[PDB]
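# Overview (structure and organization)
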Amino acid sequence: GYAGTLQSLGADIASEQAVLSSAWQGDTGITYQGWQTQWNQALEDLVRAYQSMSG
Amino acid sequence: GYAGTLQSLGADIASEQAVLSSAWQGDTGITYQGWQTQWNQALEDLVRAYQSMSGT
Amino acid sequence: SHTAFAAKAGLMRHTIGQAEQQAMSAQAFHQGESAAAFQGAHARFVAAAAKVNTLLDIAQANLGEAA
Amino acid sequence: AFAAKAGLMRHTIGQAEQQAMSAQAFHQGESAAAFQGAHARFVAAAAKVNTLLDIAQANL
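Reading the values: the criteria
- Residues numbered from 1 in each chain as written, not as in the entry; some residues may be left out.
- Chains lettered and ligands numbered in written order.
- Heavy atoms only, no water.
- Helix = DSSP H or I, 4+ residues; strand = E, 2+ residues; numbered from the N terminus.
- Rg over C-alpha atoms; globule rule 2.2 N^0.38 Å.
- Buried < 20%, exposed > 50% of the residue type's maximum accessible area, 1.4 Å probe, protein only.
- Areas by Shrake-Rupley, 256 points an atom, 1.4 Å probe, with all protein chains shown as cover.
- Salt bridge = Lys/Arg side-chain N within 4 Å of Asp/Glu carboxyl O.
- Contact = heavy atoms within 4.5 Å.
- Buried area = accessible area lost by both parts, 1.4 Å probe.
- Polar contact = N/O pair within 3.5 Å; in protein donor to acceptor, adjacent residues only side chain to side chain.
- Nonpolar A, V, L, I, M, F, W, Y, C, P; charged D, E, K, R; others polar.
- Expected span 1.5 Å × (residues − 1).

- Per the deposited record, X-ray crystallography is how this structure was determined, to a resolution of 1.91 Å.

Dropping the structure here:
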């Protein structure tokens, strides 16, 4: 059941980043919050497209 | 809504054949009652097959 | 930390590829299933329709002017 | 009239068949188009996920 797995993995990555990331680098084009917003939006889009493809 | 139309038309024809039962030639092959029985099974088969075709 | 991130990043990339292949296979299967189901039902419908037409032919012939 | 009802049934069978055939053809095409769109959206999203994973890695 890939939808739930993609969501859980995505959440695990976001939460790891939140605990690890003691000094976000500005040259990567975003802030932690900017990254988090984009990550959650990308995952949503990814999972919704998968669910449409498969059923 | 063809399933309902097929079913109701089929019932109309069954009724009319029964109303005309006295006019039914009984020496041509299939009998009056035989026809009624076969008609009702064909109609059920037809309606069910149509629903199968249309069915999500 | 870093090997933990690596593990998760790698699994996410792998899982995305797997999900894609699975979904492509699922769609192909669903299109085939829908077509097979229709073809079968259509064949049953055609057989039943031929029975109905046959029985109507018989009824019209039998009843003659009474139809 | 029996002959009129018989005519109507024969007509209606042919119409029902045409409607069902047409609907199946439509639904197969709609499914195929929806899958292609979804698949395109999935690929675009995956590209973003890969870009964002690299950003995360750079910031560790």
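## A few points about the overall build of chain A
- Helix and strand counts for chain A stand at two helices and zero strands.
- The globule rule puts the C-alpha radius of gyration for 55 residues at 10 Å, and the 13 Å found for chain A is more than 25% above it.
- When its C-alpha atoms are laid out on the principal axes, chain A stretches across 40 × 20 × 10 Å.
- Expressed as a percentage of its 55 residues, the buried residues of chain A come to 40%.
- By element, 47% of the accessible surface of chain A is carried by carbon and sulfur atoms, the whole surface being about 2900 Å².

## Brief notes about the overall build of chain D
- Of regular secondary structure, chain D possesses one helix and zero strands.
- Taking 10 Å as the expected radius of gyration for a compact globule of 60 residues, we find that chain D reaches 26 Å, considerably beyond that expectation.
- Principal-axis analysis of the C-alpha atoms places the extent of chain D at approximately 85 × 10 × 5 Å.
- Burial status across chain D gives 37% buried among its 60 residues.
- For chain D, the accessible surface area stands at approximately 3000 Å², while carbon and sulfur atoms represent 59% of it.

## Focus: the pattern of salt bridges
- Inspection of the entire model under this criterion finds four salt bridges over all chains.
- Between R10 of chain D and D57 of chain C there is a salt bridge whose closest N-O contact spans 2.8 Å. Within this pair, whereas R10 of chain D is found in helix α1 (residues 2-58), its partner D57 of chain C is found in helix α1 (residues 2-63), the two belonging to separate chains.
- Since its relative accessible area comes to 43%, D57 of chain C is described here as partly exposed.

## Let's talk about the interface of chain D and chain C
- Counting from both sides, the interface comprises 27 residues of chain D and, opposite them, 27 residues of chain C.
- It is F2, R10 and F35 of chain D in chain D that bury the most area against chain C; as a group they hold 25% of the surface buried on that side.
- Across the chain D-chain C interface, the total number found is two salt bridges.
- Its salt-bridge partner being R13 of chain C, residue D54 of chain D comes within 2.9 Å of it at the nearest N-O pair.
- Counting every contact that joins chain D to chain C gives 12 residue pairs in polar contact.
- Here the residues of the side of chain D that touches chain C sort into 18 nonpolar, six polar and three charged.

## Looking at α1 of chain C
- With 62 residues, α1 of chain C should cover 92 Å at 1.5 Å per step; its first-to-last C-alpha distance of 89 Å lies within 8% of that length.
- Once α1 of chain C ends, the next one or two residues include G64 of chain C, with phi positive near 55°.

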